[PDB]
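Everything below concerns the one structure shown next.
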Amino acid sequence: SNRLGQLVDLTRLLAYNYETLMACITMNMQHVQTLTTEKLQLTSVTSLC
Amino acid sequence: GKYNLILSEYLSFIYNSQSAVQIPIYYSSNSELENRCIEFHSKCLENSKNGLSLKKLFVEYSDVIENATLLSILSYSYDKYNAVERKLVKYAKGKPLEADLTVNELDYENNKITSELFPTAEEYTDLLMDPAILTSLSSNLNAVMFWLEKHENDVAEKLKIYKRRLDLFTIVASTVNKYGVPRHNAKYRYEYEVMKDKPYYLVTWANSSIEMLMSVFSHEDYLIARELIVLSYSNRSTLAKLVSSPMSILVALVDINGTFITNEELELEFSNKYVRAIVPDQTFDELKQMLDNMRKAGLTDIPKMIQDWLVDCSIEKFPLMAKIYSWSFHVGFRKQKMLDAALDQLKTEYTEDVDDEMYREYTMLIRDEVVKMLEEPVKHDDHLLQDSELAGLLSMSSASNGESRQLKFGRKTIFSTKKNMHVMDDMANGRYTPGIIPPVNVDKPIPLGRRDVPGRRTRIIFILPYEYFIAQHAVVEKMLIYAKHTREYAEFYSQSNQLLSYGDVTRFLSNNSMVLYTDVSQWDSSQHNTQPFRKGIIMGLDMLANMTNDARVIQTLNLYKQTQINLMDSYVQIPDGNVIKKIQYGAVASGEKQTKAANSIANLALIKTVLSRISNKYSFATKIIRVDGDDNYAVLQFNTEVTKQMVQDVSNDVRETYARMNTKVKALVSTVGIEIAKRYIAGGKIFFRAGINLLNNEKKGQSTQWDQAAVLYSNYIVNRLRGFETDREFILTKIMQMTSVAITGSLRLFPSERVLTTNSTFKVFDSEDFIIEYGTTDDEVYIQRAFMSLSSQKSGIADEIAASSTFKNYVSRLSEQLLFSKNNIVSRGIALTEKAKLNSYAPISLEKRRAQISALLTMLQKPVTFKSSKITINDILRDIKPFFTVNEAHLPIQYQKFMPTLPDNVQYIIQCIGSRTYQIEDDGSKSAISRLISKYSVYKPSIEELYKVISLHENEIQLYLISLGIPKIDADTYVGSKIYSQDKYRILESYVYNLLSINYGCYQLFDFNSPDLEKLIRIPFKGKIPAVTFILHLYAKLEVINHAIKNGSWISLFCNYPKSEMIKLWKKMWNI
Amino acid sequence: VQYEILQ
Amino acid sequence: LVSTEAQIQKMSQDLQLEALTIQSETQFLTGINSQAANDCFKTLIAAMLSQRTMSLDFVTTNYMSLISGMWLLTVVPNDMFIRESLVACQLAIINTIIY
Amino acid sequence: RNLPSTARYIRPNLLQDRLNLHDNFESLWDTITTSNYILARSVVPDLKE
RNA sequence: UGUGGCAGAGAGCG
RNA sequence: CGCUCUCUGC
């Protein structure tokens, strides 16, 4: 709750870099549930947030 | 009652001469038989002193042979020099052995001739191979040869033992006879002039080889012994270190089927849990390289046993490994040089490539841990912080070794290293100045001591001044006494047993979790124990200083802080010939009041800091971390099931995450097992390291020929329980040879079993191993009353030191820091207490003990004395015993084995009653009065003094309490309450509770709260005498257990103890 | 009287 | 980035992991470090760009991880997360925090 | 992991007791019941605290 | 008269 | 509770 503006900032930054790297793509970015799957430790997300 | 027969045979064998005569001396508690013993003695001496045949009288006095008790045997035999060779030539018909100088890295660590390394005797030193024991190799050889001679006609498995040990002893005696036997001087040293033409490391090799071959009972034992004895003659640096290293991996291969657990509340509780062994693949490649080094060093049979064992990985063949793990440390010590042993540690690689995110967290965790330790006393303004100076001056350990110094007490000169005596000296000359901490710099570097231990490096010891201790004392005592209410330390997990020191290897084990265990013993010179560690503690001290308002506490804390400041830059005196080296070493080691807990803290912070990096790649919940100084293990549980690749990758991540801090490590991950220096668990079963050299020691103590027999027997008992078994007859032979005393060149005396096995200050062993013995008879009572009369002795050196000016001054200066209205109650008390730690000074103890032995000998020669009624324990047991009644019982087997290496009788007991449900009676002076004084002071007045003080009026008691800082109102309340009659009774209850006879090595492990043992002990209850019924039930348990140990079978008991004897015994209870 | 030094 | 030790201070002292004790606890603020923030920063963007489905792997006792996961689920869509781990995370959130 | 439709799996035969060993095969049922008891002992938790 | 310790626990002496 | 020994982390 007291990281409010920092997470606003994070969300804008993340989305910005996502869209600006999306622009440098040439193949259709299509949605599929793949066989294997990247792991993601939420502790890393807590480290970021 | 068998020792004496082996004694007789030993005497007959060693001397063998017409001139060699044998003279018993006896005793009896019965007047008539005693006077007939006196007669017998007289007539025997006379007949000996008249060149008459002695063999005639031995029939006439048959009564002494049937009813009297032996003491000793004298021996008149002349010099007869060089008899060892004259016996030994026959057992040496094999070929002698050749060394190989190109094996060890160094030059002097090879077993080459002395003259090729020490041409001058002035530069000779036996300290690199000193056995450090007052018994010769020739003694050991004589014992071995006598054993071999008596076992020359047996035809059984015993003969297979005899052939095996004969081949081994042939290899040894072939090696010795190539040159000869070194001859001991009066001090049991071996001078240059005997070793000049012989290998330098022949003696230690000989002694260690004797110890090994005396511990051979099977074929595999013979293989191990022949394969170590022939390589320990040359290799002396890469043998115990080598073979003892793979074991740490092997524990990660043993499937658990049946387990023992421990609670947080510290109680065993078995589990049928099965756990697999998820070992990665690359550690096998590591293990193979270790075996390749093993073969490359010259080992053939023992790699074969370790490789063919892995085909099954069974736990029934596994004790062999443990056996092997103990056969490595019975080869001797690697007593190398002070210089190169320091330089094993003083090689440093400090780098400007580590993190800063790690060190800052590390520093903070140390800070936080310090604050958790010190929040309560720093805040509530405890006396021990206020009075830290006086606290340290009382707790000065009187072996402490700060800086050898030339003293003078009146008309003497002393070269003591002990800091108590130094303080006594410095008080007089105005130099005592504990607030001004000395530097440790170029102007005053530090000395060193050397800690050796086989299979590992030689570790180093700081030898500091006496101000550092005083500064560190109070804070470290509060730290310990806090954190033994808390996890993560050995002070919380320690009394004796399983359910203790570890007690959580085996709760959080399954196929979900893993455990990472890691040896951190080289991490003293590391880059993470320098600056951040010290600055973290300094920061914590700043916080704590701002968390108090009183000024003495701030001074003490600022002094501890400044100690850490000065220790941050620290040089080290080491001579080398003429010049002196001093090396920059700004890091941590022992030789300090702080080292244990502080190292535990730093390792805790380190592992907590590292463990927040595995979280970047795994999800786990840390269930437990444990730290005991220089070792560490952490268990961790997962969201899923464990694999081989996750263990491997976790291990690599651990190694590299330590590498990011410039920190070496052998990362070891497992699922069932761990390994540390002293012990390990496999398959839910605790084994131990049995590496205590008997016939070779670390250093030169101060004890006599006598007491070394007792230490050697204690180490034998330990090693036997641990697993390493030596032939008990050999141990008894050594005990007789070490208690033998030379009254002249040709007169020699030999005591008996009934002098060495009696509870006193002269006890050496027990008639039946794993069982202390007491006395129901007249005769043990008789000699115990006699020897207790003699234990109290004097030391003129101590008398003159205690009569000098510095001792009086020291007591006065201790006194004057407190109130000034008691002068004949405590000053004498503090002097009497300091006397208890002047005896640490070796010449005092030697004077007293040599005097004590002389007093013993002046009643071993001539007849015996009644000693005038002085009461002891066996007097009581004599009266308790005749109202017991035995009956044959039969207990079943319902308890699980979890210490396989024990003997089968002890294990049979464990396999019929339980292992420990632990109990407490007093955690130190609990009762009424010392926990007040320990709140307003630290002083620890002896319970003798309290038992007297309470008997005095309530006025000078009131004065005495007010003199110890206490106010008047609490004294008034204490007198009004009428608690002094209660604390007479509590103190006498504490006196009976001082009986420590529950923990000698086999009673250490047994559960006396069992229901199965208890249903046998059918002693009815009377009430209102708790001490007696307590001790009666306890003693009956000891009876049952000792009969079980010595005979296997079980018995019940019954004691309809008369009320009359309760009361008759009650007054002897609370005395002595 | 004599000394040696390392850093 | 923020200095880690500050966050360690305020988190450890106000959550007060030490004084719960009703386990053989041995609690500690498992990973909060740097070289994970940027790991996440790469992971999220690269997975959304590549349309690489990514899963979650956590321990529900560390409720802070879920308190950060709810932010994640807020900003990052839900069809990017494999359904089983997403459902598990949401279910841990509901059964632990909300209800 | 998401598992494809290319995958397969074999189902165990969990058909209940066709023999009724709890009807006068007491020597076998004693062993069976003992076996399942001792298995269950290896998974009941230890009273850790 | 030439010197090798800190603290934990278990024995033996006050 | 003061000292020697056993090992213990050193």
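Residue numbering restarts at 1 for every chain of the structure tokens, chains are lettered A, B, ... in their displayed order, and ligands are numbered from 1 as they appear.
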Closest atom pairs, residues of chain E within 9 Å of chain A, only C-alpha atoms, as a tab-separated table:
residue	atom	partner	partner_atom	distance
E:1	CA	A:36	CA	5.1
E:2	CA	A:35	CA	5.1
E:3	CA	A:35	CA	6.1
E:4	CA	A:35	CA	6.9
Which residues come within 8 Å of residue 56 of chain D, counting only C-alpha atoms (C1' of nucleotides), excluding same-chain residues fewer than 6 positions away, as JSON, numbers by chain?
{"A": [39, 40, 41, 42], "D": [81, 85, 86, 89]}
Report, in Å to a single decimal, how far apart atom CA of residue 493 of chain B and atom CA of residue 47 of chain E are.
19.0 Å
Counting only C-alpha atoms (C1' of nucleotides), what is within 8 Å of segment 6-11 of chain F, bar same-chain residues fewer than 3 positions away, as a PyMOL selection string?
(chain B and resi 490-491+494-496+590-596+996+999-1000) or (chain G and resi 6+8)
Kindly export the residues of the current selection with C-alpha atoms (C1' of nucleotides), as a PDB file, in the first residue's frame.
ATOM      1  CA  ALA B 490      25.279 -25.924  20.640  1.00  0.00           C
ATOM      2  CA  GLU B 491      24.624 -24.393  24.046  1.00  0.00           C
ATOM      3  CA  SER B 494      24.055 -30.095  24.581  1.00  0.00           C
ATOM      4  CA  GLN B 495      24.015 -32.331  27.583  1.00  0.00           C
ATOM      5  CA  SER B 496      25.334 -35.784  26.602  1.00  0.00           C
ATOM      6  CA  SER B 590      39.929 -18.495  18.766  1.00  0.00           C
ATOM      7  CA  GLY B 591      41.945 -17.521  21.827  1.00  0.00           C
ATOM      8  CA  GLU B 592      39.161 -15.108  22.787  1.00  0.00           C
ATOM      9  CA  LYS B 593      36.079 -15.030  24.979  1.00  0.00           C
ATOM     10  CA  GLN B 594      34.009 -14.188  21.868  1.00  0.00           C
ATOM     11  CA  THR B 595      35.026 -16.690  19.156  1.00  0.00           C
ATOM     12  CA  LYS B 596      32.346 -19.403  19.503  1.00  0.00           C
ATOM     13  CA  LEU B 996      27.327 -37.151  39.412  1.00  0.00           C
ATOM     14  CA  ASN B 999      27.294 -40.319  33.239  1.00  0.00           C
ATOM     15  CA  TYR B1000      30.530 -42.284  32.795  1.00  0.00           C
TER      16      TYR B1000
ATOM     17  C1'   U G   6      37.576 -36.644  27.515  1.00  0.00           C
ATOM     18  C1'   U G   8      33.689 -30.856  21.057  1.00  0.00           C
TER      19        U G   8
END
Write out as a PyMOL selection string which residues come within 12 Å of segment 4-19 of chain D when counting only C-alpha atoms (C1' of nucleotides), dropping same-chain ones fewer than 3 positions away.
(chain A and resi 3+46-49) or (chain B and resi 356-365+367-369+372+486-487+608-609+612) or (chain D and resi 1+22-37+61-64)
